[PDB]
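Shown below, as structure tokens, is a lone chain in the form deposited in one PDB entry; questions about how it binds or moves come after it.
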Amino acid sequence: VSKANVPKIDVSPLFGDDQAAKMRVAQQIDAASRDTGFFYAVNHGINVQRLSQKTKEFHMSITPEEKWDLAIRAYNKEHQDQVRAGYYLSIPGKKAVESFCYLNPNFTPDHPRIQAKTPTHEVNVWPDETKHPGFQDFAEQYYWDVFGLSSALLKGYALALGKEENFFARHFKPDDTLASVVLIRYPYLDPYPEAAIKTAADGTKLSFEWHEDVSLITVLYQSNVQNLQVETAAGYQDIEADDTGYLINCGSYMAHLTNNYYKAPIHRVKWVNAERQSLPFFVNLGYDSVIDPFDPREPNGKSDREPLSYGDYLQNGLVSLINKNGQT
């Protein structure tokens, strides 16, 4: 099994005004997107050390009582209004992974979207401050930190696709973005529940089977442990770990938009019995956001695909996946 070619692109230029430097990064992004579809963003300026620290603390200290009080509808029938945001418990013998998902901090009861009960929009649930002081404040600030980085990455993607710099970004707004953060925890267990290990056809033990992300792009931070594999033309290939950078990849919405010029990499998660964490930020646009499809391989640049609002795309994509497991 070989290592997938996953370059480390210095993303910092995207935060600056040097059009020349930006274009160079856009060139490197474009090339990764058309190869493995995965690339590391290095020099992103995010205190990734505190992030892992505060997340391990949260997962290790949260009590069973709280997990249950924050559990989404799939776990706790009581919470009918919690579909995405909340705690995803582990099911003894059946599920070993746990995770905590939260949405846009601006989604308060005063928010029009929440008031109008528009699908996919929810209000975040948080643990008690006495048992987890400052957690919320840390978690909400981080949201805006990745929002910042992702916003910089989307300008890179627009340039790479030869579109105007704010082609994508213009739809990534703080007051309505549907992006979500998921704090995943992969436990260490002995014996490790057999039912929680799926075996790929080539035999590989996996925590999660193949799939394409349901997002525009996915910004992930993950502790130094190897588990990801991308399906390339040479079959599956391991992706090297790197606790300093963010692993970036396109979701099916980018594939839709670019008429597959930038495909959504199909990937899977190997099973490793080791306490580690995975923290993806799924970059989603506004509910009413619509971008007309295009094919960069065509002279006109025109595509036959018809525009699909982000709300419809998101709704469908989520309903297709296992509510109990999630990821988005």
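Start at 1 and count along the sequence shown; that's the residue number.
The following text describes the form deposited with a small molecule bound, which does not appear among the structures shown.
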Answer option from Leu257, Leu154, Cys250, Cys101, heavy atom within 4.5 Å of the small molecule in the deposited bound form: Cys101
Which pick from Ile62, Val269, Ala32, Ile291 sits with a heavy atom within 4.5 Å of the small molecule in the deposited bound form? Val269
Consider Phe282 of the chain shown here, and say whether it contacts the small molecule in the deposited bound form, taking contact as heavy atoms within 4.5 Å. yes
Contact label in the deposited bound form: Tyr236 to the small molecule, heavy atom within 4.5 Å: no
Can you check whether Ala158 is within 4.5 Å of the small molecule in the deposited bound form, heavy atom basis? no
Look up in the deposited bound form whether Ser150 has a non-hydrogen atom within 4.5 angstroms of the small molecule, and give yes or no. no
If contact means any heavy atom within 4.5 Å, which of 105-113, 163-171, 83-91, 133-141 contacts the small molecule in the deposited bound form? 83-91
Give a yes or no on whether every one of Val97, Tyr186 and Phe208 sits within 4.5 angstroms of the small molecule in the deposited bound form by heavy atom. yes
Your call: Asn323 and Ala200 CA atoms, closer or farther in the deposited bound form versus the shown structure, by 3 Å or more? closer
Closer or farther apart in the deposited bound form, the C-alpha atoms of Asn323 and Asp128, for a change of 3 Å or more? farther
